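So this first bit is one chain, no partners, the form deposited in one PDB entry, shown in structure tokens.
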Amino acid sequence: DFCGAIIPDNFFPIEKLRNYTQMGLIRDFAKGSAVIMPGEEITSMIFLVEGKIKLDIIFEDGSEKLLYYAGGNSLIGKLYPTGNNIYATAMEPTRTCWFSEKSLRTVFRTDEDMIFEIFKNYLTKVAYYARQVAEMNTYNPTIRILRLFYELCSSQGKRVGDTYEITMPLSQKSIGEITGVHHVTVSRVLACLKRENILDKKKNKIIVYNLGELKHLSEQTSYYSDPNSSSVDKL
């Protein structure tokens, strides 16, 4: 829902995991205690029996941002290392049950259904964050710039061996004014395109060395024009 633009809370609760706490390790955390300490490597699924946990991510510049909140019957799915520094705080008296991989095998040997509850929990999280990323990058500025380039090359691109040449004086200023992107991003992107041998934007000529890549990165979409969309279902 639209609620999830505002509140990241209560992902797919698994009440029934409550019945299997004897196969895990119960751990209690006071208000303000760290369930996951900054830099701690977690290798357990953490079931939230009773209480409230705030779960945040810590970036390499020291900044922290919220990922989500968890309450009764929530599951933190951090069975393996991820590459994200996470920290999590008990915001009230909190009882958890930690499930190691070994302990999970034991649960699923007794109850196969729990495999699929956990899958639903994971899927719910993927669906939510992937959707947010896509919404928030609908107007990604880099892609705006790349799409400009690709479009100019497709109409005005003159082939010259392996390359295409576009004969016009398109300034960086003009690029930023057309796309609506700040000058700093324009330069960065233009520097990337050149050092990677995709495209070099000179003062009165644009050269495209790797149209195929440029096209790739520009993220062309076409469902609505493509014949696939001529019926609701597959052929």
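Numbers for residues come from their place in the sequence shown, where the first is 1. Shifts are known only where both forms have a C-alpha. By rigid core we mean the largest C-alpha set that fits within 1.5 Å across both forms.
The following text describes the form deposited in another entry, which does not appear among the structures shown.
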* Asked: Does residue 155 show a Cα shift reaching 2 Å between this form and the one not shown after rigid-core superposition?
  -> yes
* Rigid-core frame, C-alpha of residue 203, shift of 2 angstroms or more between this form and the one not shown -> yes
* Structure fact -> Under comparison with the form shown, the C-alpha atoms of residue 66 and residue 6 in the other form shift by 3 angstroms or more, placing them farther
* Asked: Given that the distance between the C-alpha atoms of residue 192 and residue 82 changes by 3 Å or more in the other form, do they end up closer or farther than here?
  -> farther
* Would you please work out which stretches of at least three consecutive shared residues show Cα displacements of 2 Å or more throughout between this form and the one not shown, after fitting on the rigid core? => 1-7, 138-219
